[PDB]
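*Asks:* Here it is: the structure, laid out below.
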Ligand code: HEM
Ligand code: HEM
Ligand SMILES: CC(C)(C)OC(=O)N[C@@H](CS[C@@H](Cc1ccccc1)C(=O)NCCCc1cccnc1)Cc1ccccc1
Ligand SMILES: CC(C)(C)OC(=O)N[C@@H](CS[C@@H](Cc1ccccc1)C(=O)NCCCc1cccnc1)Cc1ccccc1
């Protein structure tokens with residue numbers, strides 16, 4: 028019963044168990060599962076998330092066909108998941124013409140011109156991050172990066188998307204911060227996908243109605259009271287053609303809070319762990335920042351893009367830690383791409399974590415070597431093997447904003463502080479075996495003032 | 028032979044002559060021909076440009092279906108014309124997926140953010156226009172508007188699209204101005227459409243190879259030597287997906303020189319004729335400009351959009367003089383829209399001039415009444431009866447730039463000069479019976495200094 032698909036197609040893979048499929052192999056998580064399957068089976072393999080067949084591909088030509096060439100026609104939507112409730116209008120969750128409509132209505136929001144207008148706002152809380160770090164640096168005590176970076180990442184969101192100016196580390200009782208931090219169920223949905231329609235008619239949603247109703251009623255207070270923020274850029278858009291609905295506008299805001307707060311703060315903790323365990327990379331980066339920005343000059347939009355070694359450090363960290371881990375597209379038609387037939391309903395998956403650490407494409411893939419992305423070596427990197435933001439029409443729409451936000455934080459922090467490991471700094475860093483790419487133990491480092 | 032199409036469909040219209048069709052009725056031009064056909068036949072009618080059937084529509088619901096609803100699927104391209112040569116890659120001439128590709132690659136070029144960056148450049152030559160007008164104002168002599176406005180409109184193009192700073196009125200020998208002013219055949223093509231492929235294989239083009247080869251070799255001098270100009274915004278775009291080709295990039299530049307130089311200068315001459323023949327409209331506009339910009343303050347992007355009466359004067363002039371005169375779409379499939387069958391190959395036409403002067407939609411349509419577009423009355427205007435920039439996915443892509451350019455010129459001119467008619471001022475203004483909406487005799491007015 029649906030477990031003989033890859034058997035008939037002649038595709039290798041682990042033998043699935045009834046009902047469960049291959050989900051028991053997730054005990055070490057999927058990044059360790061994708062690496063093992065990439066070795067035992069080769070270029071392609073197939074497993075089952077319960078009854079859902081998943082076809083993994085690693086050929087760069089075939090990846091380009093799925094992500095770019097046959098996107099609008101075949102591989103348009105991602106794996107369906109629920110219950111979402113009213114959040115079906117989210118751009119990352121929307122499907123077919125509904126997504127292509129929202130992707131068009133939100134594309135001008137992420138241009139370089141709008142991002143350059145957001146830099147003064149993002150740089151404002153970079154100084155707040157330094158002041159909070161200095162209070163932890165002048166008092167000798169190891170700092171938890173996920174708490175000090177999460178406070179910064181939240182500060183950027185509340186202003187760049189709603190204009191609410193809060194010091195999350197010093198103002199927790201503000202209704203916005205208290206609700207945006209709210210903010218076993220999912221492995222059950224993986225094995226019980228026939229219970230998603232039950233939770234939808236029961237009005238259960240993966241987001242608590244506490245936060246959504248607050249954000250829905252907080253946005254209408256901001257909309258009816260009213268710039269440079271994502272909210273105003275979406276209000277001006279509603280003034286495919288059919289304009290952004292009121293409910294759709296709030297659904298996109300919540301998606302921007304999830305990614306911006308948790309991706310930006312988690313990658314910064316990964317970067318600072320690599321910079322602390324490699325003092326040579328941190329010193330060379332601090333020398334480039336001081337050369338471009340002397341006398342601790344404030345970073346601007348142009349000065350950030352001028353730093354090449356900073357971009358090399360960010361790109362190398364995203365290679366070791368691609369937080370998305372996997373890229374997925376649902377096959378909607380019986381299509382044959384690159385001489386391989388893919389039936390309808392099969393979930394095509396790209397193991398980004400496994401491809402980023404593949405020794406056949408990277409020399410010493412486990413080492414932190416920023417020289418891979420130097421201007422002399424960046425050309426020999428396949429853009430479909432290294433996909434930290436995906437690829438194609440449905441790649442990360444906030445790639446430029448996320449890169450600009452993290453670099454503005456790293457510049458202002460490395461201008462004032464040098465980071466060194468502690469005795470309790472878990473070296474080497476072990477990744478969590480859950481559903482999010484995060485360190486097992488939180489990263490703790492010693493912050494010293496320059 | 029192809030002259031019995033509207034006869035079979037039951038569509039009224041003038042009886043066509045063999046070979047010629049109804050082109051002999053163009054002796055008074057098409058705007059007088061569209062008005063007469065709108066009266067004798069009613070809401071729809073059909074005539075023949077030689078052997079080419081042309082179906083005219085005036086119903087606002089059916090116009091929306093052609094221009095917006097059934098654009099990408101049916102009414103996508105305009106009437107084919109030649110010989111164009113390498114200019115087939117022009118966005119206004121491109122067809123089907125080629126146009127939709129160029130429309131996407133050039134859409135971010137015309138955003139409000141890029142236009143706001145062009146205002147300091149456009150406002151620079153507004154002062155040049157005042158200095159040249161003052162030299163003609165201090166010496167009492169009637170000024171020809173088409174020569175003083177054409178000098179300004181050319182000055183805006185050479186800078187906003189290539190960065191070349193020239194005073195066209197004072198520097199005619201510059202290779203750019205001398206070539207951009209270079210810059218019976220077409221009625222023959224209308225009756226002889228089977229000679230277009232002959233001129234294409236003979237390498238004859240509607241543009242002289244003198245200018246095109248110069249512009250093609252002048253752009254490559256500018257490209258290989260290198268901001269804020271249309272050229273750089275297109276160079277950054279090439280750095286549908288498949289990037290702007292080198293030849294395609296030059297073809298779009300020539301199209302921008304045609305529209306920007308000749309539309310902007312011709313509408314300004316129409317506006318100043320209406321302001322001179324209506325001193326009350328000119329005084330009220332000069333009072334609004336002085337109220338927003340006291341002490342002859344320079345106009346900015348925000349201060350231009352703040353002037354409502356200035357927008358009312360511009361919109362009313364474009365009603366009396368829609369320079370495009372007609373909107374045309376080629377019917378590519380046998381489609382039935384709004385209960386009317388339209389065969390394949392028929393040219394659907396929207397008589398913008400006739401609709402703008404239709405007494406059934408406008409009270410006293412021949413009078414210059416800017417109060418029609420007031421904020422209290424602008425709501426009762428159908429956006430598919432008043433189409434000075436077209437409508438739908440293939441409307442005027444430079445609408446915002448053209449409106450901002452003309453208003454910046456009117457503000458800086460009306461800040462320093464008051465315009466009064468002369469004895470040789472042809473009142474009332476008679477339109478030319480040619481192919482371009484221009485006054486028969488050039489508009490001459492008296493310029494006095496404030
Ligand atoms: C280090 C930071 C980030 C990384 C590495 C990252 C990575 C990714 C990846 C891999 C995808 C899927 C691409 C694909 O399926 O081909 C994605 C999608 C997306 N990302 Fe990000 N992201 C980051 C931060 C952000 C931020 C700050 C935003 C702010 C709005 C954002 C908004 C989105 C959206 C809306 C989508 C879905 C787009 C669509 O489905 O059309 N991401 N991101
Ligand atoms: C008073 C000034 C102008 C007026 C009234 C005007 C009007 C129009 C109209 C009526 C159309 C056809 C719309 C349709 O077929 O539905 C058009 C097309 C177009 N206009 Fe303008 N125009 C003006 C100036 C400009 C300027 C300054 C540019 C600068 C680039 C420009 C670029 C274009 C282009 C590229 C197209 C064709 C777009 C396409 O085919 O996709 N126009 N214009
Ligand atoms: C672990 C498990 C697979 C059981 O579960 C999920 O991880 N489930 C997701 C569902 S679909 C998601 C789209 C998306 C998927 C994968 C990677 C990026 C994006 C979505 O809709 N938004 C995500 C927010 C935007 C973002 C995040 C990270 C990087 N770039 C952008 C995740 C999800 C769903 C709903 C709300 C938040 C997160
Ligand atoms: C009088 C007659 C019909 C025999 O002839 C033409 O009038 N022929 C045109 C051909 S198609 C044109 C697209 C277009 C058509 C009509 C109105 C606007 C645009 C084109 O391609 N570009 C035009 C330049 C952009 C522009 C102009 C005016 C207003 N807004 C934008 C005109 C033409 C062709 C080639 C080069 C220049 C002009």
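Protein chains in written order, with PDB author numbering: chain A, 28 to 210, 218 to 260, 268 to 280, 286 to 496; chain A', 28 to 210, 218 to 260, 268 to 280, 286 to 496. A prime marks a further copy of an entry chain. The beta-carbon is built from N, C-alpha and C at its ideal position, and this holds for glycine as well.
(1) Considering only heavy atoms of ligand 4, does any lie closer than 7 angstroms to the CB of residue 323 (chain A')?
(2) Classify residue 440 (chain A) as buried or exposed, calling it buried when 16 or more other Cβ atoms lie within 10 Å of its own Cβ.
(3) Can you give the Cα-Cα distance for residue 272 (chain A') and residue 188 (chain A'), rounded to whole angstroms?
(4) Please state whether DSSP places residue 396 (chain A) in a helix, a strand or coil.
(5) What ranges does the alpha helix (DSSP H) occupy inside the segment 389-444 of chain A, keeping only unbroken runs of at least 4 residues that lie completely in it?
(6) With DSSP collapsed to three states, give me the class of residue 236 (chain A).
(7) Whose CA, out of A:186, A:207, A:182, A:190, lies closest to the CA of residue 197 (chain A)?
(8) Inspect the CB distances between the segment 91-109 of chain A' and the segment 248-259 of chain A' and report whether three or more fall short of 8 angstroms.
(9) What does DSSP give as the partner residue(s) for residue 373 (chain A') in the beta ladder?
(10) Does the segment 354-366 of chain A come within contact of the segment 452-459 of chain A, defined as at least 3 CB pairs closer than 8 angstroms?
(11) Listing by chain order, which chain A residues have their CB less than 8 angstroms from the CB of residue 138 (chain A')?
(12) Looking at the structure shown, is residue 290 (chain A) part of a helix, part of a strand, or coil, going by DSSP?
(13) Please tell me whether, using a cut-off of 7 angstroms, the distance from the CB of residue 230 (chain A') to the nearest non-hydrogen atom of ligand 4 is below it.
(14) Since residue 328 (chain A) and residue 133 (chain A) are thought to touch, with beta carbons under 8 angstroms apart, how far apart are those beta carbons, to the nearest angstrom?
(15) At a cut-off of 7 angstroms, is residue 222 (chain A') close to ligand 4 when judged by its beta-carbon and the heavy atoms of the ligand?
(16) Pair every Cβ in the segment 145-152 of chain A' with every Cβ in the segment 330-350 of chain A', then say whether three or more of these pairs are closer than 8 angstroms.
(17) From the DSSP output, in three-state form, read off residue 191 (chain A) for me.
(18) Grab the span of the beta strand (DSSP E) containing residue 465 (chain A) for me, first residue to last.
(19) Take residue 411 (chain A') as the anchor and find which of A':479, A':400, A':218 has the nearest alpha-carbon.
(20) With three or more beta-carbon pairs closer than 8 angstroms as the criterion, would you say the segment 88-105 of chain A touches the segment 445-452 of chain A?
(21) Return the residue from the list A:169, A:168, A:193, A:170 that minimises the CA-CA distance to residue 180 (chain A).
(22) Where DSSP assigns a beta bridge to residue 76 (chain A'), which residues make up the other side?
(23) Are the CB atoms of residue 210 (chain A) and residue 50 (chain A) within a distance shorter than 8 angstroms?
(24) Measuring alpha carbon to alpha carbon, tell me which residue in A:476, A:462, A:484, A:468 is nearest residue 158 (chain A).
(25) Nearest to residue 90 (chain A) by alpha carbon, out of A:472, A:436, A:469, A:445?
(26) Can the beta-carbon of residue 380 (chain A') be found less than 8 angstroms from the beta-carbon of residue 368 (chain A')?
(27) Closer than 7 angstroms to a non-hydrogen atom of ligand 2 - does that hold for the CB of residue 281 (chain A')?
(28) Evaluate residue 277 (chain A) with the Cβ neighbour count: other Cβ atoms within 10 Å of its Cβ, from every protein chain shown; 16 or more gives buried, anything less gives exposed.
(29) Nearest to residue 497 (chain A) by alpha carbon, out of A:418, A:443, A:417, A:407?
(30) What does residue 180 (chain A) pair with, by DSSP beta-bridge criteria?
(31) What is the DSSP secondary structure of residue 257 (chain A'), reduced to helix, strand or coil?
(32) Within 8 angstroms, do at least three Cβ pairs link the segment 414-421 of chain A' to the segment 124-132 of chain A'?
(33) Are there 16 or more other CB atoms within 10 angstroms of the CB of residue 293 (chain A'), so buried, or fewer, so exposed?
(34) Are residue 95 (chain A') and residue 438 (chain A') closer than 8 angstroms when you measure CB to CB?
(35) Could you tell me which residues DSSP pairs with residue 495 (chain A') in its beta bridges?
*Replies:* Per the coordinate set shown:
(1) Within the second chain, residue 323 (chain A') is the residue found at index 277, counting from 1. For ligand 4, not one heavy atom lies less than 7 angstroms from the Cβ of residue 323 (chain A').
(2) In the first chain, residue 440 (chain A) corresponds to position 394, counting from 1. Buried is the call here.
(3) Sequence index remark: in the second chain, residue 272 (chain A') carries index 231 (1-based). Sequence index remark: in the second chain, residue 188 (chain A') carries index 161 (1-based). Straight-line Cα distance between these residues: approximately 5 angstroms.
(4) Reading the first chain from its first residue, position 350 is the one you call residue 396 (chain A). Strand at residue 396 (chain A).
(5) 398-402
(6) Counting from 1 along the first chain, the entry for residue 236 (chain A) is found at position 202. Looking at residue 236 (chain A) - three-state DSSP - the assignment turns out to be coil, as it is neither helix nor strand.
(7) Residue mapping note: residue 197 (chain A) aligns to position 170 of the first chain, counting from 1. Residue 197 (chain A) has its Cα closest to that of A:182, out of A:186, A:207, A:182, A:190.
(8) No, because fewer than three Cβ pairs between the segment 91-109 of chain A' and the segment 248-259 of chain A' fall closer than 8 angstroms, the two stretches do not touch.
(9) For the purposes of this step, residue 373 (chain A') is taken as the residue at position 327 of the second chain. DSSP lists A':396 as partners of residue 373 (chain A').
(10) Output reads yes: the segment 452-459 of chain A touches the segment 354-366 of chain A.
(11) Indexing the second chain from 1 puts residue 138 (chain A') at position 111. Correct list: 135, 138, 140.
(12) Along the first chain, read from residue 1 onward, the residue named residue 290 (chain A) stands at position 244. Reduced to three states, the DSSP call for residue 290 (chain A) is coil.
(13) By one-based count along the second chain, residue 230 (chain A') stands at place 196. Not under cutoff, so the answer is no.
(14) Your numbering for residue 328 (chain A) matches position 282 in the first chain. Your numbering for residue 133 (chain A) matches position 106 in the first chain. About 36 angstroms; that fails the 8 angstroms criterion.
(15) Along the second chain, read from residue 1 onward, the residue named residue 222 (chain A') stands at position 188. No, since every heavy atom of ligand 4 falls outside the 7 angstroms radius drawn around the Cβ of residue 222 (chain A').
(16) Yes, the segment 145-152 of chain A' touches the segment 330-350 of chain A'.
(17) Position 164 of the first chain, counted from the first residue, corresponds to residue 191 (chain A). Three-state DSSP puts residue 191 (chain A) in coil, outside helix and strand.
(18) Mapped onto the first chain, residue 465 (chain A) falls at position 419. First-last of the beta strand (DSSP E) with residue 465 (chain A): 463-467.
(19) Indexing the second chain from 1 puts residue 411 (chain A') at position 365. Comparing Cα positions, the closest option is A':400.
(20) Contact between the segment 88-105 of chain A and the segment 445-452 of chain A is absent: fewer than three C-beta pairs spanning the two stretches fall below 8 angstroms.
(21) For this step, residue 180 (chain A) is matched to residue 153 along the first chain. Closest option to residue 180 (chain A), Cα to Cα, is A:193.
(22) Sequence index remark: in the second chain, residue 76 (chain A') carries index 49 (1-based). Paired residues: A':48, A':79.
(23) Position 23 of the first chain holds residue 50 (chain A). Position 183 of the first chain holds residue 210 (chain A). It is not a contact, given that the beta carbons lie outside the stated cut-off.
(24) Position 131 of the first chain, counted from the first residue, corresponds to residue 158 (chain A). Measuring from the Cα of residue 158 (chain A), the nearest candidate turns out to be A:462.
(25) Sequence index remark: in the first chain, residue 90 (chain A) carries index 63 (1-based). Cα-wise, what sits closest to residue 90 (chain A) is A:436.
(26) As a working note, residue 380 (chain A') is residue 334 in the second chain. As a working note, residue 368 (chain A') is residue 322 in the second chain. In this structure, residue 368 (chain A') does not lie closer than 8 angstroms to residue 380 (chain A') by Cβ.
(27) Along chain A', the last residue before the gap is 280 and the first after it is 286, so residue 281 (chain A') carries no coordinates.
(28) Numbered from its first residue, the first chain carries residue 277 (chain A) at position 236. By the neighbour-count rule (16 or more Cβ atoms within 10 Å), residue 277 (chain A) is not buried but exposed.
(29) It is not possible to answer for residue 497 (chain A), since the shown part of chain A is limited to 28 through 496.
(30) Stepping through the first chain from its first residue, residue 180 (chain A) is reached at position 153. None; residue 180 (chain A) has no bridge partner.
(31) Taking the first residue of the second chain as position 1, residue 257 (chain A') is located at position 223. The answer is helix: DSSP assigns residue 257 (chain A') an H, G or I state.
(32) no
(33) As a first step, residue 293 (chain A') is located in the second chain; it is residue number 247 there, counting from the start. Label assigned to residue 293 (chain A'): exposed.
(34) By 1-based counting over the second chain, the position of residue 95 (chain A') is 68. By 1-based counting over the second chain, the position of residue 438 (chain A') is 392. Yes; because the gap between Cβ atoms is below 8 angstroms, this pair is in contact.
(35) Residue mapping note: residue 495 (chain A') aligns to position 449 of the second chain, counting from 1. Paired residues: A':463.
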